[PDB]
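To start, the structure itself, in structure tokens.
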Amino acid sequence: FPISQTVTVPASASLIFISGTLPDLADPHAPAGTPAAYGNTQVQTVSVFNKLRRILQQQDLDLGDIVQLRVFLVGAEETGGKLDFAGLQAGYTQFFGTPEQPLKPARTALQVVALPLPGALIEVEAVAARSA
Amino acid sequence: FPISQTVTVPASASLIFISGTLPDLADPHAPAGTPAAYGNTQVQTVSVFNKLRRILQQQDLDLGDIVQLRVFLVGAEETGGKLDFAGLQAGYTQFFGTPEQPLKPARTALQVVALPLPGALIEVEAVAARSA
Amino acid sequence: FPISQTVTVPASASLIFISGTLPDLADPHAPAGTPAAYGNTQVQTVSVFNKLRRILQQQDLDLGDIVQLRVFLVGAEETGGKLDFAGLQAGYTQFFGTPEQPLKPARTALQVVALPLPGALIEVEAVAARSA
């Protein structure tokens, strides 16, 4: 699997907690607050992890410094109102366990009722570590 | 926004993990286990953060020591079964980013199906830090 | 209650983040992906905490080193589509606050829409600490 069962953080490392992160607008022609504005689950997943990368780089860190990831999905039309786990994985495997970014955080992923942003199908929460 | 995108915790600080916190009874005349016993989303939000303050003060800490907040909402009648995000924010902005309590933790907020306590519309989980 | 309101972790301790943990197959005769394959909420809860114990023991730790637990439940037929909180507690009290394992982590428990594994009624996320 593209995740670590456990991730150990040394006591000498500082933790960085990251607020829930929602996708960026993908289609400025689409009606406001619609899934079309942000993409299907795969496209929104790509957007959220791009954004998380930018957040971390602002702290001189990157996606490989993430030690824990929590993924909240809402149901998608492609999967009949169930979470689109395949689309999540298709986006996710582009950012973790890759040649460019080989590290894999601990992860939890599940389906919730709704996210505060209309049109959003995914929100991602993270904890990162900065070594001594 | 009244939240921090990221919060960094020094490695020399101790972490305090706080169990999921549910509102206190607001109306002792209301029928048991009803939303009326606890209030609408705003009132329950105020109650939960009052309670979190008391929990922290028992540890000689306060709401400004919170580094991460996770808010689980259930749907409300005022908002047609969607989470009442406006009411959450109306309660939340009374405890964080205020003159009395200027610090803003990292936060995630989302809608779940149900909370273990009947009548509860919000449950809040937190991590706090105690500096060296 | 069988949980700690707060758990404090010294800054000298290392943290271990554990990915979301789902139950093991309980009945190899049952049809794939059904709740019968894994058990009711109580049986699945027992399975998940057995598995978490094994994960920790692989790191030379055990369930008493858990400082925070997050429990995501899906609705059960025994409880009319609400989370089966009684079954969770019946399984949970066998692993925490017992003579064999007296320590009680901070905990949050709530009902979500769906888990990525068909048939699963519970997924558990954890953080553990290794003292200096």
Side-chain angles (χ1 to χ4, degrees), chain A residues 15 17-20 68-72 106 108 110 112-113 115-116 123-127, chain B residues 3-4 7 9 15-24 41 44-56 58-59 61-74 83 85 88 91-92 95-96 104-117 120-129, chain C residues 1-9 15 17-18 20 66-73 83 85 88 92 96 104-112 122-129:
Chain A
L15 293 178
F17 293 88
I18 310 174
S19 287
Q68 168 183 80
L69 271 182
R70 191 166 301 99
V71 177
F72 304 104
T108 299
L110 51 99
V112 302
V113 172
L115 300 176
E123 180 165 358
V124 175
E125 195 179 7
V127 182
Chain B
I3 81 179
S4 287
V7 176
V9 179
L15 293 178
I16 306 86
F17 293 88
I18 310 174
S19 287
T21 297
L22 291 157
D24 285 317
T41 297
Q44 295 198 26
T45 294
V46 172
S47 179
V48 166
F49 286 120
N50 280 344
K51 186 189 268 195
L52 271 181
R53 182 149 69 194
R54 296 194 311 272
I55 292 170
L56 289 159
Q58 292 178 196
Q59 299 287 318
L61 299 163
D62 207 326
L63 294 185
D65 301 304
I66 296 172
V67 299
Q68 168 183 80
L69 271 182
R70 191 166 301 99
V71 177
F72 304 104
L73 299 183
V74 309
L83 73 175
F85 189 78
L88 165 69
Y92 184 87
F95 297 85
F96 302 92
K104 297 182 272 222
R107 190 183 83 173
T108 299
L110 51 99
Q111 189 176 347
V112 302
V113 172
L115 300 176
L117 180 57
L121 297 169
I122 176 176
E123 180 165 358
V124 175
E125 195 179 7
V127 182
Chain C
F1 214 60
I3 81 179
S4 287
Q5 175 192 255
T6 71
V7 176
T8 299
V9 179
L15 293 178
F17 293 88
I18 310 174
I66 296 172
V67 299
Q68 168 183 80
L69 271 182
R70 191 166 301 99
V71 177
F72 304 104
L73 299 183
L83 73 175
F85 189 78
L88 165 69
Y92 184 87
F96 302 92
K104 297 182 272 222
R107 190 183 83 173
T108 299
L110 51 99
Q111 189 176 347
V112 302
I122 176 176
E123 180 165 358
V124 175
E125 195 179 7
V127 182

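All heavy atoms count here, side chains included; hydrogens, waters and symmetry mates do not. Letters A, B, ... mirror the listed sequences (proteins, then strands); counts begin at 1.
The backbone N or O of B:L121 lies less than 3.5 Å from a partner atom in the side chain of B:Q44, making a donor-acceptor pair. Without hydrogens or angle criteria, B:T21 side chain to B:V48 main chain gives no donor-acceptor distance under 3.5 Å. Proximity of a side-chain donor or acceptor of A:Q68 to a complementary backbone N or O of A:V127 within less than 3.5 Å is not detected. Of the possible polar contacts, one joining the B:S4 side chain to the B:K104 backbone as a donor-acceptor pair under 3.5 Å is found. C:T108 places no side-chain N or O within donor-acceptor distance of the main-chain N or O of C:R70, the cut-off being under 3.5 Å.
Contact check for B:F95 versus B:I66: no side-chain heavy atoms found under the 4.5 Å cut-off. Counting heavy atoms from C-beta on, the side chains of B:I16 and B:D65 never come closer than 4.5 Å. Side-chain atoms of A:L110 and A:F72, non-hydrogen and from C-beta on, do get closer than 4.5 Å to each other. You'll find the side chain of A:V113 stays beyond 4.5 Å of the side chain of B:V112, heavy atoms only. Contact check for C:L15 versus B:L15: side-chain heavy atoms found under the 4.5 Å cut-off. A heavy-atom distance below 4.5 Å is not found between the side chains of B:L83 and B:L88. By the 4.5 Å heavy-atom criterion applied to side chains, B:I18 and B:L52 are counted as neighbours.
Summarising the geometry, atom CG belonging to B:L117 is positioned 12.5 Å from atom CD1 belonging to B:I122; distances are rounded to the nearest 0.5 Å. In this structure, CG on B:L56 lies 13.0 Å from NZ on B:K51, to the nearest 0.5 angstrom.
Between B:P116 and C:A109, the shortest heavy-atom distance links the atoms CD-O, 3.3 Å. When every heavy atom of C:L69 is checked against every heavy atom of C:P105, the shortest pair comes out as CD1-CG, 3.7 Å. Between C:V9 and C:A129 the shortest heavy-atom distance is CG1-CB, 4.0 Å. Shortest non-hydrogen contact noted between B:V46 and B:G91 is CG2-CA, 4.0 Å. For the pair B:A106 and A:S19, the tightest heavy-atom approach, listed with the atom from each and the gap, is CA-OG, 3.1 Å.
Classified by interplanar angle (parallel below 30°, tilted 30° to 60°, perpendicular above 60°), the ring pair C:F85/C:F1 is parallel.
A cation-pi arrangement is present between B:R107 and B:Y92, with the terminal nitrogen or guanidinium carbon under 6.0 Å from the aromatic centre and inside a 45° cone about the axis.
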